[PDB]
Amino acid sequence: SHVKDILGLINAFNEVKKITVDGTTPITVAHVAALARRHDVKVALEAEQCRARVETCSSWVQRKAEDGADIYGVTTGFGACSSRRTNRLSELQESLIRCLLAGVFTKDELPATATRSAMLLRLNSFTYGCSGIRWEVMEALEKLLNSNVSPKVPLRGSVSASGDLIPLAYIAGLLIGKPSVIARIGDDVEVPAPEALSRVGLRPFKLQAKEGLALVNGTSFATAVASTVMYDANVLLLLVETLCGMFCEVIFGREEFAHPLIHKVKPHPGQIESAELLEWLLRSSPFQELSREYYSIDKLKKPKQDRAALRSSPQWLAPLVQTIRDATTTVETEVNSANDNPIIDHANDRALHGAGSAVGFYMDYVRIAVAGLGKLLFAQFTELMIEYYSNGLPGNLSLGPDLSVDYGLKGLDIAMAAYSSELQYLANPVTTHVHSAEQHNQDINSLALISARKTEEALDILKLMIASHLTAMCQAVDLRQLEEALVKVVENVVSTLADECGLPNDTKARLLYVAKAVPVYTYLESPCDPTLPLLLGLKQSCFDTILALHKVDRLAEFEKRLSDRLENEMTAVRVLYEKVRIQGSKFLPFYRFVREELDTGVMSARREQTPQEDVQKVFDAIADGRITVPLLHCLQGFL
Amino acid sequence: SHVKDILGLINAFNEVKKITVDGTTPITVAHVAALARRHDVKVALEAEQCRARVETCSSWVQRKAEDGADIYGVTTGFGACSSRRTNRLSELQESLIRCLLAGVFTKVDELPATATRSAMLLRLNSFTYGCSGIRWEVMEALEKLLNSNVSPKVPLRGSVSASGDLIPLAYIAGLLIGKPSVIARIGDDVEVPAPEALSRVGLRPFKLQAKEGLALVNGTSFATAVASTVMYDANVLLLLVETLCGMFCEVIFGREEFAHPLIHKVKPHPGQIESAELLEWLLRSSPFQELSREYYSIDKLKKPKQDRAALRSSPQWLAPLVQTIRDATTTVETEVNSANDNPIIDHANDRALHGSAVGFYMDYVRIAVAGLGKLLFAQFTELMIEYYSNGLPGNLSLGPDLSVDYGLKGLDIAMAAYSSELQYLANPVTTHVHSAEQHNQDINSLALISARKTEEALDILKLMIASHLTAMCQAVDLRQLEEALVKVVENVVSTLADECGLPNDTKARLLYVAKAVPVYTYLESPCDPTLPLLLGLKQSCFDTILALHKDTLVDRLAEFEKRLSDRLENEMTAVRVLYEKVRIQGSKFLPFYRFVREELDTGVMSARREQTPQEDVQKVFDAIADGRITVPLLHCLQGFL
Amino acid sequence: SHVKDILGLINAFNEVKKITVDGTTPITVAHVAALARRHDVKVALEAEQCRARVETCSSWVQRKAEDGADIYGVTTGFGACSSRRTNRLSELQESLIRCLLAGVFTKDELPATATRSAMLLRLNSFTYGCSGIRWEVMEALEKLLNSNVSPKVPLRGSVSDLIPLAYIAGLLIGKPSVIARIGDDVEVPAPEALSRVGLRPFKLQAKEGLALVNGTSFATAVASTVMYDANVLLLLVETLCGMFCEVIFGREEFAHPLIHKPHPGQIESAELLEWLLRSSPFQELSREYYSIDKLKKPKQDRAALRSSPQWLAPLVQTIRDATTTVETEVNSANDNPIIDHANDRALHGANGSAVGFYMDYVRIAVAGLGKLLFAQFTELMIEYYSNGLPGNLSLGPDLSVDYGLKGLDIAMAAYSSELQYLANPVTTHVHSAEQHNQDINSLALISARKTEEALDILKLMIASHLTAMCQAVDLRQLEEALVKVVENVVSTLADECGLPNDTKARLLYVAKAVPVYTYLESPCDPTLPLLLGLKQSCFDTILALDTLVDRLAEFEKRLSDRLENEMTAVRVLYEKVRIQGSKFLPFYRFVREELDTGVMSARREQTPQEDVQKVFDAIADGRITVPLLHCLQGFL
Amino acid sequence: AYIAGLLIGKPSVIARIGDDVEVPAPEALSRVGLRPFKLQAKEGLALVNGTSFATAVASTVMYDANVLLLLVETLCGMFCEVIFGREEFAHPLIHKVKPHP
């Protein structure tokens, strides 16, 4: 189950303290994201496992170069200039870095999290011992990483062909102490690269044979961004899947949409797996119990089936689960590889001439799956706001009671459409815009880094959408509970006033059915308004009871005493609520987290906090990883 | 390996005789393609394996319907109207079909018969799971319609592929009930009203029973049909493109090292290892790689150490495209081998239980196809330009009069046009979901629309493959002629050095030049003193005079030049003229070259061959389009393991 | 006003008998469309006006080439091979055509309509006297055009129009391999084609091959018919927004002149809509509806109605501006080099980027028009938004076996979804082409073909919209006649049963106020809104005032005796008025009477397809312009 | 709405004052000698119901698009000069015959 795999990734992300870098131990996207996001996470470069192969490779290269062997990027020019030969070994490598320090700072940069991640991947790539880089440079990299030092890197300039040439040149730039490369030390300090190395007790390196190319010729930045993108995509996917369950509960859906047999006959692994999760989440739900009751009232006048954003959520999610899982595998494969050219095969004494394409394509695919995830959340959000489709819920989830001055989540509804519209636009592909580049030497190139940044932007928006959706659903939980409490109050007042005014058994029964049947939010605004659905039904029932008993003083008395008692008792129960079925729900951890740990309450005109203040707290908890606590809680026992 | 798997799909496509439909035996995309494209392929609905469960389900549905059980789309309305109930069971079903016969025929566009017949197959197969409630008799009629080449004329557009391809499948339903306004084709010319079609094959119109209208329209059969034949073709063309990278390496004088197993072991994307393993195997004993190594040992330090990316990075480029196309095939097959219907009758448990994968994966496959096309455009571009082609003439023009021979220039122009439209097609369809059907279908997959765009992208890829293979056979010829021409030049220069009595030092320099200068730089006029053969000869003559200085030498050099301009052009013309009326013989790509040249009856293009570039590429494209191209492909890969 | 200019284009397309090709008389998108669609339209190449300059140019080029002048594509190679020189003038031109006959026929080709339009445009370019083409070749083109002869041309291959134009050249030189159509049926090799119209294959002279192939006549040809259709369909959509307002019970106030008074397209579309609705009998019903329970009904219409003029504004501008741009390209010399014989020189430039870019813009505007139509249709199908209309516009009365226009609703979403996808740009996919000598290129033909496909879909959406709207006219008219029956029945029964003035009045109100289509299925069902309302009022009257209880019970009894039969009767009568006073009468009449349709229901045997197809065919073939012009007459 | 929120001194609305200072909206209003407004009839909607932000960004976009276009046009001339182009491509009669303005 993909649910297990993702829980495994989340647990690894939180628990790891030391990333082992040795050329055999795999780095997962959870490891990359943990280093990027938790500064207590340290790298350990293991000498006993890979120092030997590195020093052998490095020395092989330096010797071969000095004896004038004809090797690409070592004694020949780069890319389109590979026909040029030199014996100025060091000068060849330094001229490479110089030509590649060619990005520009706008008024924007790759963030520190990305840059350090790239530094991690570049270090790891060296541990396979194919690069010819010196051990010392690797130790310097490990130390730069653990000391929280990183170059400031221009956003743009990589087409990610054989490598992310320009952004990786800035890491090489820091390593050789270029004065014009600026480096961050922690969050506050910025100093030239020579001052940076000095403060952590390193000296500038002079580049040897192949070292400039080894340092720039990989796809480390794209894969860095793709790794945190893929970490986040896995978590947010599991979060979206889970909340489809919560959506069913609050919308009064039919849980049958998640029956294992519907999906066993149409067996997409992601479809089966998501249905399996949903069935489990909803199994003995106290909210489904209210749903069943709701549909038994006027059964034949209510929809037999839910709308597609609920009922076909497991089929919609299926391919999205598969896309995100396969892309995680593909990115991890890239993380755990020697991306570099030439590959040094020191054992058989050849430098091998070959080559970011896997990452570029899969980031395109994931961006389309993220767009699908946002489209599902938009459609669910839209249904929840419209009283015709929310099975009892008031429009915009406005508590009112005075609806003319309470527009509830109308603002969040508008923001949802804006989020989803930009998201769909973002999901056009990047890899279809390949230009013939670098004197036509890179006549194909992956554009992985650019595609990775767009998918990263796509996830940022999904987060916004998940934040709003979860907020709306806690609003709806509160509204359903209040609804239960209100209908009970109405039934009681009607039952007792029936006894008090001494109306026949028939009249009592007819009147109590109306109290049960009328959606309370259709008349909460003014329960004794003669034109609103409570009084409208009661009047119909009264005229009906007059005809059936034919072969009035008490009915006029019942009505009069209804507008004495009803509103006040309804107000009291609401007011009391403002200062329960969620307790038996699998989604209790989410509601408790949002309401208690974040300190929110049912939205209304009498709560001074804006929607912004409420959603922000939820967004922040999503952004920083705290949401995974209620998520793991909600999920435990699923196996 | 994906190679053996694709070889298996082609073998199944060619060899299958009968498609067994029984509710357990899997239908693959080759079966769907086989049924669509080979009318001798027959559908065999096996009663013994599934008739009994169909009748149980059928009978169960009717019984529950007549008892007034409340079951979606059986005693309730459909879609956004599911809150309406009736006991008018047959009219409920006929009213659904009526309302869905709502497409328009444009100007004439329609789903093709290949797609409609495929959809018919998939709808029949779905019914064999015994969950639908449809009568066994309706299934037999479908098998008979399929086997008799009758299909409804179906409008191109109208489906959003939510729970079903509602409008298109209403036309299959409209045929089975003999709606007179539903036109049916029988074979390729004949078109008649539905009642006449049914009579011509000995069936009578059906009266719809409970749930039967819904059963006929409520799955994603048209999108899945189109996507199946799309995935079959994607698999074939992918393999073709991978194989042709090898042939590109041979004719462009690439370095085979790009495909070495260690490069890909250290970056182990499954598609990367596997495409390279194939390429390595394809180029192992190549006589063209032999010419290549020979070419780079001449003026070694004045020549690129690496090839360009379109060659050198083809395994890395291909890897994700292989994975995309292979994973999409599995996804589409999973969809083929399912009961796409709602509600599901679970007659065993006495209950009724109430097109997305294909849309997304079609979007992904369209991106992979644009990527394959980008690879082809880039290779073809290198091949056309003398700066990047390592001895080939611009546009692969044979000449020798280049001012009146533009070679494959028109093809080059068209390749740009093909690639540009292709990159445009690869924008996603799934990002354009509208809230549909009174907001009941607020998500929908658009799978049929997406599948159609991927089909169009594949149609363009076929064009590009055809031109590329054509350009590569042109390049094979030019390489073989080049080799033969250089030998004549060497021989003539060698015999004239003797006749004229030139020193060994002079002879050495003059023979070096004849070997080193690319023949196609001076072919137009071999004795033109301003072209590279003579320039190089003149340079070496000045060098030999200066080296032998410590007269009659100049006299003999002058004689050498005079006699060269008497004899060399004639001997070069003769060898070329002879060639117009070998190393390809030792090459894994002989089957392609032999297929294009002898089986399709082509020749090296020039001003003297009267056939247009159109006429040559049309033959190759018709071969790719109709599957004949898989014979050389299978011959070429014979023995790969 | 853009509305006058569009009626001007439509008039011209209908009336033109002859296309004068003379080198100064402009060709409009309407002339191109007419030549392509009406075969009685003929080309008249006017010798007296342009033969002199063509011959002067032709001779200059021939003489200069013979003298050994260094002129691109005349004594030099083409494109990236322009460093190659030759004295072999004719062979140079023939080898260019040979190399460019490089399209493939897939299973597909440019339609004859486009191919003939390209031949027209090419002929026209030649009359400017800059090409060096011979007069004889131009006369041969006119003769080919007027005799319905045209080469079969592959769909793809131009980055913009070397390959496709090479097939026109191949016809003229009688290449065996080039296939020509003659009318609808006959297909023969080019040499046979020329023979049949009494022509001989040409031997190309200096610059001739290049002159025949070196401009963008195909992209411009497709662009021209595309722009003609976009103007016509634009005006159709604008007009039908007015018909949508009538059937949906919208508020005409959205079209008031001061709101907009000022994007020209915004002012002008509003000005049209205001006029179309000024004396509408349907707006009279709308006002009446909104005065019934005013404070319980929306104050504003939804955006797809209320903001239609603002939506349409940039769409009008885009289509109008693109039209001007295509016409500029039509009335130009696209060729290179440009021979300026007057001053004894050849001019080496690049005369089609304008068309590529604007086709991308227009494809976006067409997508925009479609979204509007989708949004209106959607509203119309949903009872919550249609102001009294039944869901799916289903007549019933048995809604459980009548799904009305639901199939059309579904189709509309498919249409719109595909349309939005199409509207992505083409010009952003420029590849570095032709040995990198065409490192920019416009892709105009490809873009034009995409916009053409986008219009195809818009026609589908308009045909469905117009069908829904006539369904909606019938339902409103039936609504009004049905409400009067209920009012009469309630009224006379109140008398017969002798209820007071108070009761009669409350019951009359309910009959007036309750939306009929909420109870038509079973008017006397106690759970449906009519009897729910009457029971509320009867209880009210009992309190505010016996044997009255007797008279009410008899009222309720005689209602399920009289009511359903009389409602059934008017509907049955209707299936076997306010539209008569509406500007939109010609559309309703055209669809109902001229196309022979009727209100859709379970009792009408025609499928939705049968109905919409007729409306589509009429849109596709231009008959829709007859009602369009009738509806618009008097608008100034 | 953030502009309206400032004008009415919402504490949750932060305001910028120059480059350095960020303060809650009531303290922002205080410093410029202004007091929170109490919204009267239609003032809320009048403040939010227009397309002022889109048009604002669109305005700085169009200004820049004009400047950069002219700069691109001008730099084609510079490219001609350094690449050894033929200036004949800009001769007026070529373009008079294809008169896109």
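Residue numbers (full-length UniProt numbering), protein chains in the order written: chain E, 9 to 115, 122 to 369, 373 to 568, 578 to 605, 618 to 677; chain S, 9 to 115, 121 to 367, 373 to 568, 575 to 605, 618 to 677; chain P, 9 to 115, 122 to 174, 178 to 278, 281 to 370, 373 to 566, 575 to 605, 618 to 677; chain V, 183 to 283.
Cβ coordinates follow ideal geometry from the N, Cα and C atoms, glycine included.
| Check | Outcome |
| --- | --- |
| Listed by chain order, chain V residues near E/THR648 by CB distance under 9 Å | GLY187, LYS192, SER194, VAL195 |
| C-beta neighbour in chain P for E/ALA375, strict 9 Å | no |
| Secondary structure of residue 117 of chain S, DSSP reduced to three states | Residue numbering in chain S jumps from 115 to 121; residue 117 of chain S, which lies between, is not modelled. |
| Reduced DSSP category for residue 116 of chain E - H, G, I as helix; E, B as strand; rest coil | Position 115 is followed directly by 122 in chain E, which means residue 116 of chain E is not present among the coordinates. |
| Own chain partners of S/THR344 with C-beta closer than 7 Å, once the 5 adjacent residues on each side are dropped | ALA375, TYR379 |
| Residues that DSSP places opposite S/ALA454 in a beta bridge | S/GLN459 |
| Cβ pair S/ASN413, S/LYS427 closer than 9 Å | yes |
| Spatial neighbours of residue 372 of chain P in its chain, beta-carbon cut-off 7 Å, leaving aside the 5 residues before and after | You won't find residue 372 of chain P in this model, because chain P goes from 370 right to 373. |
| Rounded distance between the beta-carbons of S/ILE276 and E/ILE199, thought under 8 Å | About 38 Å; that fails the 8 Å criterion. |
| Rounded straight-line distance, which links the Cα of P/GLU348 to that of V/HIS282 | 8 Å |
| Chain S contact for P/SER438 (CB, 9 Å cutoff) | yes |
| Closer than 9 Å to chain P by CB, E/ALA332 | no |
| Between the CA atoms of V/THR233 and P/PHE398 - distance to the nearest angstrom | 27 Å |
| Cβ shell of P/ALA228 (< 7 Å), same chain only, five flanking positions each side left out | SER145, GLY146, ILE147, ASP354 |
| Interface flag, P/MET402 vs chain S, CB-CB below 9 Å | yes |
| Option in E/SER407, E/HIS10, E/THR127 with minimal Cα separation from E/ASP201 | E/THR127 |
| Sufficient close CB pairs (3 or more, under 8 Å) joining the stretch 319-331 of chain E to the stretch 255-262 of chain E | yes |
| Unbroken alpha helix (DSSP H) run spanning E/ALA175, endpoints | No alpha helix (DSSP H) holds E/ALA175; DSSP gives it neither H nor E. |
| Beta carbon of P/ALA247 nearer than 9 Å to that of P/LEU487 | no |
| Alpha carbon of E/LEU416 to alpha carbon of E/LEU496, nearest angstrom | 7 Å |
| Spatial neighbours of S/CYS518 in its chain, beta-carbon cut-off 6 Å, leaving aside the 5 residues before and after | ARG580, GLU583, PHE584 |
| Amino acids of chain V, ordered along the chain, whose beta-carbon sits closer than 8 Å to that of E/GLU651 | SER194 |
| Residue-level contact to chain P via CB, S/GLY87, 9 Å cutoff | yes |
| 6 Å CB neighbourhood of P/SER305 in its chain, flanking five on each side removed | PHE266 |
| Closer than 8 Å at the beta carbon, the chain E residues around S/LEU393 | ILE461 |
| Helix, strand or coil at E/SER9 [DSSP, three-state] | coil |
| P/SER174 and P/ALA435 closer than 9 Å at C-beta | no |
| Residue closest to E/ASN231, alpha-carbon to alpha-carbon, out of E/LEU137, E/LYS25, E/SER623 | E/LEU137 |
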